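Quick setup: one chain, the form deposited in one PDB entry, written in structure tokens, and binding and motion questions come after.
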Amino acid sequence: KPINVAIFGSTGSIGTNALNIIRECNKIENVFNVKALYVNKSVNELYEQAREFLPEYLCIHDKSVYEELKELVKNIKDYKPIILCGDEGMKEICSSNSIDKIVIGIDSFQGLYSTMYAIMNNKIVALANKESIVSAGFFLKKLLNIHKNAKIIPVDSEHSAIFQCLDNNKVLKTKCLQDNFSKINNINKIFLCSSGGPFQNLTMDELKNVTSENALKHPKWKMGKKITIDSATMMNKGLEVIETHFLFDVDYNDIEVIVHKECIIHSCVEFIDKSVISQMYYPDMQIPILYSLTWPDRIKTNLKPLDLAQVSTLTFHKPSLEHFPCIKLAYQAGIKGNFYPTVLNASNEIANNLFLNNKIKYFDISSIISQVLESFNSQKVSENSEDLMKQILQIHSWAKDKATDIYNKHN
């Protein structure tokens, strides 16, 4: 009866929000069992979570703090968790019969491999790691085809919103990342809402001068550095366009980015009859996380009710692609298909980090990514699962090195 959950990335933004809503839902009844907590290397933070939630499993990727973890946990009386490390620990958790649902709140390779193991073990995977979908979308679709009882449920707020706008009577007849998903759900088009980021109202002359300190400082909503920079360039939305494509089988010409600066409407679905359904709330990750764990039901929360009269005004406009060329790059990569999304994501990782570290300017971001995309030559897609995965990782590494080489030569 309790939903048995593992959290990958339990000290990050998604992980901490997950545990916060789980704690609230478990006050009176045992709705969820927190069976496993995994982190990259935040050993002290994981220890503190273990004290509260007492999971059966604890895992740390970084083996150099494994011994520190085991020594910290000894101080917890009559608690005997299985303490694991590295990729073998990730696989053991994903394989456990005692786990039903896995929250993926970690990025990059750990996010990809944990998503893969969860699917291979026919789990429900609540995926907040958009980069895995963008970079490895065809690989995940292939895996989902083999492991027929696995399901990806989106946690990215916009994609959660879309998923919520659908009729569960039709959702239950397909699954995310399956061909024909949009046809079965009578989807015509998606409005993909965006905050627009901190630079939304700058002129082209002002935008030329922006620095990462301008994106990061005094933010309305405090988030990780990488995603803050992607929000400022709108590459975040560009990645979310490709994520939409893959999750919901929606054609690129039917995905429309809309800037909605109040961030109440989280996204909207237009059905084939031209009726539009939208999901709305305050900016929040707890509803998306909780819904991924309860779907297809909902459960009571004590979140503050939306007060629409107090919000009072909601606005919508189209983003300028001259100001936010990263959006255009993402559409171009998505439409080209093949491994261009892998290349996009990888080259962005480098450009984003160069800008974060004050090494390049705002329009150099899109210039580097564009040059790497132009340089990439299409490859035959491996039919075999493992070969395809290796192909993705090779192309990812190539794209990163190419971006770095471009920066090095114009430096």
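Each residue number is its position in the shown sequence, starting from 1. Whichever C-alpha set is largest while still superposing within 1.5 Å between the two forms counts as the rigid core. Only residues modelled in both forms are compared.
Same protein, other form: the form deposited in another entry, not shown, and the subject of what follows.
Just a single entry of 121, 320, 108, 174 exceeds or equals a 2 Å CA shift between this form and the one not shown, which is 108 (rigid core superposed). Once the rigid core is overlaid between this form and the one not shown, residue 300 does not reach a Cα shift of 2 Å, moving by less than that. After superposing the rigid core, the Cα of residue 183 is displaced by less than 2 Å between this form and the one not shown. After superposition on the rigid core, the Cα atom of residue 220 is displaced by 2 Å or more between this form and the one not shown. Inter-residue distance, residue 84 to residue 109 (Cα): increased by at least 3 Å in the other form versus the depicted form. Wider separation of the C-alpha atoms of residue 109 and residue 83, by 3 angstroms or more, is seen in the other form than in the present form. Regions where at least three consecutive shared residues each shift by 2 Å or more at the C-alpha between this form and the one not shown, after core superposition, span 28 to 30, 108 to 110, 217 to 221.
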